[PDB]
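Participant: Please read through the structure below; I'll follow up with questions.
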Amino acid sequence: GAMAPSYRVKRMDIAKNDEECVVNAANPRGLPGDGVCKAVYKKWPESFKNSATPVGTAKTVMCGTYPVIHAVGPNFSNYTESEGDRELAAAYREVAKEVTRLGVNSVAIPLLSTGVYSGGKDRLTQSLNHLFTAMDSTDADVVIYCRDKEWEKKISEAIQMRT
Ligand SMILES: Cc1nsc(N(C)CC(N)=O)c1C#N
Ligand SMILES: [Cl-]
Ligand SMILES: [Cl-]
Ligand SMILES: [Cl-]
């Protein structure tokens, strides 16, 4: 565990993280995909061996000794708001299980279902609150990765609110 488990946010490519493992915003089929998933495919392509897993689950595949946790959020284009919310909560609970099992002191994590799976809605708060519900009971240092300057500010403010 970390000495003093913390949450932090950085605005940069999650493929350049400084943590002991990474969460991929995966598709259910283990395909290279777009956005975070394509950056992860370029950096750790060996981690996509038998990475296919259903919506609301996470599957870890090693790239050398570096763990890639493939977490499959719902695509809100296909799910109802209600069923989507349930699956998004479940994906983060499975990430917390994997992070615990691996015994890492730190993890790099994107906000699941906030990009092309958002169904065209702003889901910063929804996705971040499910991340907190899952990860609050773990002792890994969590570093959240985003691209948007305004999202960096809102994520930072939400972390600071609880401290
Ligand atoms: C943190 C992060 N790493 S890679 C990435 N891409 C390529 C998607 C994008 N929005 O540019 C993000 C995000 N978010
Ligand atoms: Cl970058
Ligand atoms: Cl997404
Ligand atoms: Cl973003």
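Numbering starts at 1 and runs along the chain as displayed.
Method of determination (from the header): X-ray crystallography, 1.5 Å.
Every residue gets a Cβ built from N, Cα and C, even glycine.
Heads up, here are the entries from Swiss-Prot:
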BINDING   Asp13, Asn27, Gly35, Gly115, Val116, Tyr117  ADP-D-ribose binding site
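What the PDB entry shows for this protein is this:
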SEQADV    1-3  expression tag
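Have a look at these and tell me how they're positioned relative to everything else.
Facilitator: A C-beta separation below 8 Å, combined with a sequence spacing of at least six in one chain, links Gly115 (ADP-D-ribose binding site) to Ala25, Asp34, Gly35, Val36.
Panel annotation: around the expression tag (1-3), residues 105-106, 139-141 of the same chain, lying at least six beyond its termini, place a Cβ under 8 Å from a Cβ of the stretch.
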Participant: Can you go through the binding-site residues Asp13, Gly115, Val116 and pick out those with a C-beta less than 6 angstroms from ligand 3?
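Facilitator: Those binding-site residues that pass the cut-off, since their Cβ is under 6 Å from ligand 3, are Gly115, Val116.
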Participant: Check the binding-site residues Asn27, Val116, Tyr117 for any whose Cβ is under 6 angstroms from an atom of ligand 1, and report them in sequence order.
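Facilitator: Qualifying residues: none.
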